[PDB]
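Here are the chains, one letter per residue:
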Number of protein chains: 2
Amino acid sequence: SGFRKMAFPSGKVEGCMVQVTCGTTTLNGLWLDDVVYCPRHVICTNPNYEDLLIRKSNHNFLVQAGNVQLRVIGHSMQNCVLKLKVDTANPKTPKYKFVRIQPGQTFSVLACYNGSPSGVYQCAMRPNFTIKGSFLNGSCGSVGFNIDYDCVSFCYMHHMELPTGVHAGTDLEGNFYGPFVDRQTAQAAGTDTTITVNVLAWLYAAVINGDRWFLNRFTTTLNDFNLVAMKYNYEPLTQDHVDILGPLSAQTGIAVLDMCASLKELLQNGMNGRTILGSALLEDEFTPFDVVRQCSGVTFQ
Amino acid sequence: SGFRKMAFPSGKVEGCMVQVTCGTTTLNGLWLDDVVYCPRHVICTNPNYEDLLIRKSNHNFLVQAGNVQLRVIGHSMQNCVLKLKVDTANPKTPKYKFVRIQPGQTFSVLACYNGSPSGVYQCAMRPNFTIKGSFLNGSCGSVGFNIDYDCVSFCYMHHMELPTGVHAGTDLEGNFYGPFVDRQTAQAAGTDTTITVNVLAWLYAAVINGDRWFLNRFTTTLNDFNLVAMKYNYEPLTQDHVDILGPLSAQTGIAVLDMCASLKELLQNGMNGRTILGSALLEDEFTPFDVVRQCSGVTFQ
Ligand SMILES: *CCC(=O)N(CCC(N)=O)NC(=O)[C@H](CC(C)C)NC(=O)[C@@H](NC(=O)OCc1ccccc1)C(C)C
Ligand SMILES: *CCC(=O)N(CCC(N)=O)NC(=O)[C@H](CC(C)C)NC(=O)[C@@H](NC(=O)OCc1ccccc1)C(C)C
């Protein structure tokens, strides 16, 4: 027992991280097979990146993999990522896929500086397509991922920090999550919501772990719950959401709509001093899969 | 910016994890050079472990390192750990040290099942020598660690779960943290406290990240603060604690005793609906070093 914001082991990703330097810009690069993927704003000197990239050579790009020079033999822009063809394949390349995630889904971030792993932490993709990350200068190029047995599902690469301290990047094809662009404009995250199905998943994590004080005798229809959800800036709850909670429902014996009734009183009455899994807030950054994995015993290799 | 419960990259530890099986017990083993360290209750069949270990052979112990058999050529008890001498050194052994930590200090846990990494998360050693971990059956043998440049400071190996859902283990010499033993008795964690210097470190993390609403014009002496600390089951604050916060003090310009005054009103008045770094609680599982590392940019390799 216990419940913790837990990341995937980072070792498979640590082996793909590299330092890309061209001009006076240094950022992080992701090395898979013979390509280094990195943010295109590593390119020298409002920008017309196609224009600025024709102006570059291969030798402009200094790729450090630990202590080893990586000779770039080609380059190419893919949306907002750069793809640097190097003469050596990464012998540590894990099995991988580039998969775009939905808001509501979570991933682990390996924050990196100068191609060196710094820390690992778990995030979710916010309804407004930002992420509440932890990133300093030089962190761009650091990737978000999930593991599924032995396969690394790369889903995010980090690009910029928005004025609210939240973070914006792209999937690994260079397509930004959300209405964000890799320049300097007055960009701001849009109004965010709470991920209802994630909060419900976490209430089931609380019940699996013996926290039951918020449980209750009441029930409610889907439509009535949803009337209280929007009132509190919570995402609508769909029937699929309810089916995805089925396993947690059936394991704890609490009907999904019954757990909704409890979320209703929690939203309407607050938490009256108590805590749920050591939190005084309704946590929304655990999916039903995260809960089932942490409270069943699933591994990865 | 941002502030997140961040772990060290786990890759260096992932490479040391192995599955130890003897009898019908399977747990996790830590493979460094030619020794596998593991909890001694892997031993077969209230126990007199010296008695039960003379009754074992080397071949009793099945060590799996991924897909590879590891031949045990010797064994030995060290307090509550077992040391299994194997015929092959771990070529992935990082530079390491076995260091015992103090309550108040933090570490990253690589939870493992059957010798396979499952997740990584950040913990602290509670004042009562437990840890609020996240562990299921078969997790014992999983280690806690810190990284310092390239060196892995192993500090914890996990052994058991206490009735409150909190966790107890040993440093890597087999000496338990706290008055806990590796058998089945009516053991229970003792009354815990809050790590004051850690909460103050986190208030500075909040101020470094733009959360300032709890700041205030007031000051207080050390003795007066400590009168309010004990009243709220908070650890006493020593002068050394204040010196260890010096850098955070000097970086934000807020005197340590001034930050104490703010912690006083927070304890006495609560948080009045607001949140600090996205928490509705006063967090105590970040040390001053954790804050400085996350809000300066430090890496490890
Ligand atoms: C690649 C460098 C890096 O490490 N970045 C991540 C920084 C972080 N803390 O997440 N990325 C940047 O520093 C980028 C570099 C550009 C070439 C993309 N710049 C930023 O993220 C700035 N943010 C920003 O400009 O957002 C748009 C904006 C501009 C003006 C007013 C409001 C919003 C940030 C200030 C460093
Ligand atoms: C090594 C097996 C393992 O995975 N463990 C970690 C379990 C966990 N969730 O952290 N360890 C155990 O299961 C140990 C095995 C013993 C051989 C050490 N057992 C426990 O942790 C039990 N806890 C326990 O007995 O605590 C003492 C106690 C006994 C009776 C009443 C109150 C307290 C636990 C019930 C599995």
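Residues numbered from 1 in each chain as written, not as in the entry; some residues may be left out. Chains lettered and ligands numbered in written order. Heavy atoms only, no water.

## Describing the site of ligand 1
All names here are of chain A.
In step 1: Taken together, 16 residues surround ligand 1, and among them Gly-138, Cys-140, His-158, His-159 and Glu-161 come closest.
In step 2: Within the backbone of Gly-138, one N or O atom sits 2.7 Å away from an oxygen atom of ligand 1.
In step 3: In this structure, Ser-139 approaches ligand 1 through a main-chain N or O atom, which is 3.0 Å from an oxygen atom.
In step 4: Within the complex, 71% of the 770 Å² of free accessible area of ligand 1 lies under protein.
In step 5: Per-element tally for the shell around ligand 1: the top contributor is strand β12 (residues 151-161), with 4 residues.
In step 6: Considered class by class, the residues forming the shell around ligand 1 number 5 nonpolar, 10 polar and 1 charged. (Near = heavy atom within 4 Å. Polar contact = N/O pair within 3.5 Å; in protein donor to acceptor, adjacent residues only side chain to side chain. Areas by Shrake-Rupley, 256 points an atom, 1.4 Å probe, with all protein chains shown as cover. Helix = DSSP H or I, 4+ residues; strand = E, 2+ residues; numbered from the N terminus. Nonpolar A, V, L, I, M, F, W, Y, C, P; charged D, E, K, R; others polar.)

## Focus on the interface of chain B and chain A
In step 1: Across the boundary between the two partners, chain B contributes 45 residues, which contact 45 residues of chain A.
In step 2: The interface formed by chain B and chain A holds 2 salt bridges in total.
In step 3: Note that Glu-285 of chain A and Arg-4 of chain B form a salt bridge whose closest N and O atoms lie 2.9 Å from each other.
In step 4: Counting across the chain B and chain A interface gives 23 residue pairs in polar contact.
In step 5: Elements with a minimum of two residues in the side of chain B that touches chain A: α1 (11-14), β9 (106-113), β10 (116-124) and α8 (288-294) of chain B.
In step 6: Residue contributions to the side of chain B that touches chain A peak at 8 residues, all from β10 of chain B. (Contact = heavy atoms within 4.5 Å. Salt bridge = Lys/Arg side-chain N within 4 Å of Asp/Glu carboxyl O.)

## Regarding the site of ligand 2
Residue and element names in this part refer to chain B.
In step 1: Lining the immediate surroundings of ligand 2 are 16 residues, of which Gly-138, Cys-140, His-158, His-159 and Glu-161 lie closest.
In step 2: Between ligand 2 and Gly-138, the relevant distance is 2.7 Å, taken from an oxygen atom to a main-chain nitrogen or oxygen of the residue.
In step 3: Contact distances for ligand 2 include 3.0 Å between an oxygen atom and a backbone N or O atom of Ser-139.
In step 4: Compared with its free state, where it exposes 780 Å², ligand 2 has 71% of that area covered by protein.
In step 5: Counting residues per element, the shell around ligand 2 draws most heavily on strand β12 (residues 151-161), which supplies 4 residues.
In step 6: A breakdown of the residues in the shell around ligand 2 according to their chemical character gives 5 nonpolar, 10 polar and 1 charged.

## Observations concerning the environment of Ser-57 of chain A
In step 1: Secondary-structure assignment places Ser-57 of chain A in the loop between α2 (49-54) and β4 (62-65).
In step 2: As for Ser-57 of chain A and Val-72 of chain A, which are separated by 15 residues in sequence, their C-alpha atoms are 9.4 Å apart.

## Remarks on helix α3 (residues 196-208) of chain B
Since there are 3.6 residues in each turn of an α-helix, residues three or four apart along the chain are aligned in direction.
Residue and element names in this part refer to chain B.
In step 1: Counted at 1.5 Å a residue, the expected span for α3 with its 13 residues is 18 Å, and the 18 Å between its end C-alpha atoms agrees.
In step 2: Most of α3 is tucked away: 12 of the 13 residues are buried.
In step 3: Along α3, the residues that are buried comprise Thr-196, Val-197, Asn-198, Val-199, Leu-200, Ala-201, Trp-202, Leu-203, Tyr-204, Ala-205, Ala-206 and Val-207.
In step 4: As for α3, its buried residues are in contact with α4 (222-231), α5 (239-244), α6 (246-252), α7 (256-269) and α8.
In step 5: One or two residues past the end of α3 sits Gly-210, with phi positive at roughly 95 degrees. (Expected span 1.5 Å × (residues − 1). Buried < 20%, exposed > 50% of the residue type's maximum accessible area, 1.4 Å probe, protein only.)

## A short note on the relation of the copies chain B and chain A
In step 1: Laying chain B over chain A is done by rotating through 180 degrees and shifting 0.0 Å along the axis; what remains is an RMSD of 0.0 Å. Look at the turn and shift together and you get a two-fold axis relating the two. Scanning chain B for the C-alpha nearest the rotation axis identifies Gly-11 of chain B, at a separation of 1.7 Å.
In step 2: Of the residues that chain B buries at the interface, 100% are likewise interface residues in chain A, meaning the two copies contact each other through the same surface. (Least-squares fit on C-alpha atoms.)

## Concerning the side chain of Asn-90 of chain B
Residue and element names in this part refer to chain B.
In step 1: Tracing the chain through its elements places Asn-90 in the loop between β7 (81-86) and β8 (96-98).
In step 2: Overall, the relative accessible area of 5% leaves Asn-90 in the buried class.
In step 3: For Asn-90, the side chain forms a polar contact with the main-chain oxygen of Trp-31, separated by 2.7 Å.
In step 4: In this view, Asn-90 contacts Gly-15, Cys-16, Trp-31 and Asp-33; residues no more than four positions away in its chain are not counted.

## A closer look at the sheet that holds strand β5 (residues 68-70) of chain A
All names here are of chain A.
In step 1: With antiparallel pairing, 7 strands are arranged side by side in an open sheet as β5-β4-β1-β2-β3-β7-β6. Every interior strand has two partners, whereas the edge strands, β5 and β6 (72-78), have only one. Taking each pair of neighbouring strands and ignoring which way they run, the sheet shows an average axis angle of 30 degrees.
In step 2: As defined by bridge partners, β4 adjoins β5 across 3 bridges and the pair is classed as antiparallel. Residue pairing in the sheet places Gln-64 in a bridge with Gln-69 of β5. (Pairing = 2+ DSSP bridges. Axes fitted to C-alpha atoms, helices over the stretch in contact; angles between N-to-C directions.)

## Observations regarding the sheet that holds strand β3 (residues 35-39) of chain B
Residues and elements named next belong to chain B.
In step 1: Pairing is antiparallel across the open sheet formed by 7 strands, whose spatial order is β5-β4-β1-β2-β3-β7-β6. The open sheet terminates on both sides in strands that have one partner only, identified here as β5 (68-70) and β6 (72-78). Averaged over all pairs of adjacent strands, the angle between strand axes in this sheet comes to 30 degrees, irrespective of strand direction.
In step 2: In terms of strand pairing, strand β2 (residues 25-32) meets β3 through 3 bridges, oriented antiparallel. Of the residues in β3, the one forming a bridge with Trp-31 is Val-36.

## Overview of the domain arrangement of chain A
Residue and element names in this part refer to chain A.
In step 1: Domain boundaries in chain A define domain 1 (1-14 + 95-192), domain 2 (15-94) and domain 3 (193-296).
In step 2: In this structure, domain 1 and domain 2 have C-alpha centres spaced 19 Å apart.
In step 3: Contact residues are listed per partner, giving 33 residues for domain 1 and 25 residues for domain 2.
In step 4: Together, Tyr-96, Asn-114 and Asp-182 form the three largest contributors to the area buried by domain 1 at its contact with domain 2, with a combined 23%.
In step 5: Viewed at the interface, domain 2 and domain 1 are joined by 1 salt bridge. (Domains from an automatic or database assignment. Buried area = accessible area lost by both parts, 1.4 Å probe.)

## A word on the nonpolar core
In step 1: Ranked by internal contacts, the top residues of the largest apolar core, which has 42 residues, are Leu-30, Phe-145 and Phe-154 of chain A together with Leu-30, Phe-145 and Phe-154 of chain B.
In step 2: Dropping the residues within four chain positions of it, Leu-30 of chain B is found in contact with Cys-16, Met-17, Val-18, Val-35, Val-36, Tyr-37, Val-143, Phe-154, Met-157 and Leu-172 of chain B.
In step 3: In this structure, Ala-201, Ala-206, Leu-237 and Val-291 of chain A belong to the second largest nonpolar core, which totals 35 residues. (Core = buried A, V, L, I, M, F, W, Y, C linked by side-chain atoms within 4.5 Å.)

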